[PDB]
Ligand SMILES: [Cl-]
Ligand SMILES: [Cl-]
Ligand SMILES: [Cl-]
Ligand SMILES: [Cl-]
Ligand SMILES: [Cl-]
Ligand SMILES: [Cl-]
Ligand SMILES: [Cl-]
Ligand SMILES: [Cl-]
Ligand SMILES: [Cl-]
Ligand SMILES: [Cl-]
Ligand SMILES: [Cl-]
Ligand SMILES: [Cl-]
Ligand SMILES: [Cl-]
Ligand SMILES: [Cl-]
Ligand SMILES: [Cl-]
Ligand SMILES: [Cl-]
Ligand SMILES: [Cl-]
Ligand SMILES: [Cl-]
Ligand SMILES: [Fe+3]
Ligand SMILES: [Fe+3]
Ligand SMILES: [Fe+3]
Ligand SMILES: [Fe+3]
Ligand SMILES: [Fe+3]
Ligand SMILES: [Fe+3]
Ligand SMILES: [Fe+3]
Ligand SMILES: [Fe+3]
Ligand SMILES: [Fe+3]
Ligand SMILES: [Fe+3]
Ligand SMILES: [Fe+3]
Ligand SMILES: [Fe+3]
Ligand SMILES: [Fe+3]
Ligand SMILES: [Fe+3]
Ligand SMILES: [Fe+3]
Ligand SMILES: [Fe+3]
Ligand SMILES: [Fe+3]
Ligand SMILES: [Fe+3]
Ligand SMILES: [Fe+3]
Ligand SMILES: [Fe+3]
């Protein structure tokens, strides 16, 4: 009677796999930030985003899938081809990816409401709120570049932003 | 003059991608352990293995690749199709996968010595030692099944093993 | 029966003297950094490199030479003639010198393996690992210059890097 | 595929048994030091060497043998016939025995490399490094005799050396 | 006038060598427990028995031999051929060996009284009391097998017994 | 107007290079003390003297040279050929070298006064006072040999002297 609809099963499966995929993609972006641009604090910020998708984000979804007793299957592929010309272009690309994440998460909420799945509608709220927060954090990093003159100044701003994020 | 050989670049790239791939695969195995077999402590053990491949293992390799200034590229695919009939079969499959990891790591050391790359030969020692340790941990879990009569007894043994591992 | 080969004796003697020589050379480079460029935090970084070659590096080698009972003799000369035009050129010159150190250390490992001297092969691992770490630290300082616009910004980045190194 | 070669199995078995054998032999040497020469601090030093061979050394090998799943069998015999005329001759005999241990350990490393057994090659490094350290400790005790005039002076030097060893 | 009889000298020499011999034998039994039966807590219990024979037991005897100024000589051989079919058979074999130890120790006390050697009669009391205690500990482990249904249950009981022994 | 005379520039340059030279020479003497004479506490004393010349002594001079804005250049050579027959001869040779250091430092003070360079005259006072203190410490070690009968007794006296020096 609490048997979940296939539409809900599909959006949860898609979003589980998206976090594994994007977590792996973002790990390569963090590598690029340090390897190509010599910006290790930008790399730390991107690696924190990667770690959240590869860890908490996917862990929460599979945990919840088990509670509501739906099938979950892992299938995705990664082939990171993006070649940014400069670090701001890398951050803008990540920003545009987080905008897609916000869209995916909104569609999850929409489908849950359509199906009257209030359990999953409530579960998805965490991703709605985290979607806008991650997007806003990335856009702050992006706007450092447009407020500065060189990568060392941006690195300084990122290092302090990271400390501030850890102080909740 | 410290320009690394393509053979070394290739084995490091392969092993970086293998850890991302296997980390994602093992996360689905941990899900199966809890979802299908209702063995959450077995799932915790497998999830710890997953977290190490998705975290420390790949992080160490990309970090080292940047120091020696080699190209690193992310490309892999995951499609978890394994359907174990019982939890011991799942653990045995993981054991056989860790045996392949030991082989891959041995081949890395072999190729480094062939190329006279003592920097990378020394780096790889961490994976040699961790390869045998992970394999041995998995085989201990496997031998719990052959020493017990039901999954609850095994769960008890795993929970205590995990505490013991955390006490280094 | 554990009488060491002349080839091993020679590479250890050469590397002992190289650290005394380079330690003295780097002390003059640190002086130049402060005296000519008014970059005292760059000078601190270079002086730390000097202190390690003049201290730990040479101390470890002579200590080990005594254990394996080989002759050790001190003979080297220093005449620091390098006149950098700017501080990045100074750091690049140090980077190229650390690249030579990596080559010398690799040759030590190669000769130990050729002679079946596993005692010294294991001893040399410390210098292999320290070679790549020192090189990477210097290259980080170098890349500060290419990420910044003036020496004060670089000084800021070096001061923070030094704090980070002291926090292991 | 990680099935270990008989040559590696043999050197590990030999070295396990050698540590049990030498540990028992050295316990009798420690007895001689106190019983015949009335040098209880020399006896403490020798008993510490005995305890390490009978304890940590053999424990590490059997532990590792189980991980790599090789056969291990115990067979050795002890018949301590050495009759030193004075305590320096006893210490020199131990020194010559530790020189044989260094040779045995080097042969283990050599055989591991020949077989491409990097797991065991890495395991053996602990014994390479401990071989030279034990040898050097014994030779320090030996050189006390050639720096002193009577056994009480040597006993004083040994007691302080032991304190120093315990302060790592 | 306190010159000890040859009969007492012989039983002390025999018991010194027996502890070295049995300590080495029991170390192989502990290996079997873990290697063949995958019972690491049974192995810990047996290794503790081994450590006591190789350590305290033999150390006490040689210490005492020196005080009473008797000759002590080390000669024994070990060739562990026992192949238990299951872990209870291994523990029963150890139990029967500790029964022989109790007999040997009783004979030591008997011979001391015959010779009027009250010094050694009092010394031997420690081994009389430890003989029955070790025997009783082993028999408790043995009776775990006959109270349980599988090795995991026994392992649980042994782990708790070991904690209890450490709480004196 | 505070432009320093060439005579002062020369004595400071000479004394900077002398400390690098002697620091390197004394490091080889410390090696000889341990390697040839098996006197590790004598080696510690000599190594402390070496460390002071290679560290504080040269660091103070280059620091001061930068403040008064004089040229400083590094050029020296080391070829340690001294072959002492016994450890007292080694210590006497060091004593005679510290006597030369006292002469060099006195000449520095003399030249500063001649030139009316009170800044450098005051700076040099630290080396005047340290010159006599180092000389006196070395002569105390030397007089241990003439108060003792063997190297172990001297080693004892040096170890206690070193503790006393560390208690200021
Ligand atoms: Cl850039
Ligand atoms: Cl852009
Ligand atoms: Cl820039
Ligand atoms: Cl099941
Ligand atoms: Cl199976
Ligand atoms: Cl079950
Ligand atoms: Cl400049
Ligand atoms: Cl440049
Ligand atoms: Cl500038
Ligand atoms: Cl004597
Ligand atoms: Cl001798
Ligand atoms: Cl004497
Ligand atoms: Cl069984
Ligand atoms: Cl039985
Ligand atoms: Cl069972
Ligand atoms: Cl001498
Ligand atoms: Cl003299
Ligand atoms: Cl002497
Ligand atoms: Fe659940
Ligand atoms: Fe997030
Ligand atoms: Fe977040
Ligand atoms: Fe890097
Ligand atoms: Fe290591
Ligand atoms: Fe791992
Ligand atoms: Fe691990
Ligand atoms: Fe030494
Ligand atoms: Fe270093
Ligand atoms: Fe370093
Ligand atoms: Fe094991
Ligand atoms: Fe040892
Ligand atoms: Fe040791
Ligand atoms: Fe005694
Ligand atoms: Fe009593
Ligand atoms: Fe006992
Ligand atoms: Fe006991
Ligand atoms: Fe200055
Ligand atoms: Fe001084
Ligand atoms: Fe001083």
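Worth pointing out:
- Residue in the range A:1-17 that is part of a helix (DSSP H, G or I), more than 16 Å from ligand 28 (Cβ to nearest atom) and touching a strand residue (DSSP E or B) at 6+ places or on another chain (Cβ under 8 Å) present: yes
- Subset of the range E:141-158 [more than 16 Å from residue B:161 (Cα to Cα), buried (at least 16 other Cβ atoms within 10 Å of the Cβ) and without any contact (Cβ under 8 Å) to a residue 40 or more places away in the chain]: E:144
- Residue list for the range F:53-88, filter: surrounded by 18 or more Cβ atoms within 10 Å (Cβ to Cβ) and under 30 Å from residue F:150 (Cα atoms): F:53, F:87, F:88
- Some residue of the range B:125-132 being more than 27 Å from residue B:144 (Cα to Cα) and either touching a strand residue (DSSP E or B) at 6+ places or on another chain (Cβ under 9 Å) or more than 16 Å from ligand 26 (Cβ to nearest atom) (or both): yes
- Matching entry among C:124, C:128 (being more than 16 Å from ligand 9 (Cβ to nearest atom) and under 13 Å from the mean Cα position of the chain (by Cα)): C:128
- Filtered residues of the range B:33-70 (kept if within 10 Å of another protein chain (Cβ to nearest Cβ), over 14 Å from the mean Cα position of the chain (by Cα) and either within 16 Å of ligand 37 (Cβ to nearest atom) or in a helix (DSSP H, G or I) (or both)): B:34, B:35, B:40, B:43, B:62, B:63, B:64, B:65, B:66, B:67, B:68
- Flag if residue E:73 is within 10 Å of chain D (Cβ to nearest Cβ) and over 11 Å from the mean Cα position of the chain (by Cα): yes
- Residues within the range D:5-31 that are at the interface with another protein chain (Cβ under 9 Å from one of its Cβ atoms) and in contact with a helix residue (DSSP H, G or I) (Cβ under 7 Å, 6 or more places away or on another chain), tallied: 6
- The range A:77-101 residues that are within 21 Å of residue A:155 (Cα to Cα) and more than 14 Å from chain B (Cβ to nearest Cβ), paired with ones that are in a loop (DSSP other than H, G, I, E, B) and within 16 Å of ligand 22 (Cβ to nearest atom) (beta carbon under 7 Å, 6 or more apart): A:87/A:37; A:87/A:39
- Test: residue D:36 is out of contact with any helix residue (DSSP H, G or I) (no Cβ under 7 Å at 6 or more places or on another chain) and buried (at least 21 other Cβ atoms within 10 Å of the Cβ): no
- Residue check for residue E:24: in contact with a strand residue (DSSP E or B) (Cβ under 7 Å, 6 or more places away or on another chain) and buried (at least 16 other Cβ atoms within 10 Å of the Cβ): yes
One line per residue, one yes/no per condition, for (1) within 16 Å of ligand 29 (Cβ to nearest atom); (2) farther than 24 Å from residue C:129 by Cα:
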{"position": "B:98", "(1), (2)": "yes, yes"}
{"position": "B:102", "(1), (2)": "yes, no"}
{"position": "B:116", "(1), (2)": "no, no"}
{"position": "B:120", "(1), (2)": "no, no"}
{"position": "B:130", "(1), (2)": "yes, no"}
{"position": "B:135", "(1), (2)": "yes, yes"}
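- Among the residues of the range D:113-140, those that are away from ligand 31 (no atom under 12 Å from the Cβ) and touching a residue at least 12 places away in the same chain (Cβ under 8 Å) comprise D:114, D:115, D:117, D:119, D:120, D:121, D:123, D:124, D:125, D:128, D:139, D:140.
With ideal geometry, Cβ positions are generated from the backbone for all residues, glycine too; neighbour counts draw on all protein chains shown. Read-outs: derived from the displayed coordinates by stated rules, not from any lab.
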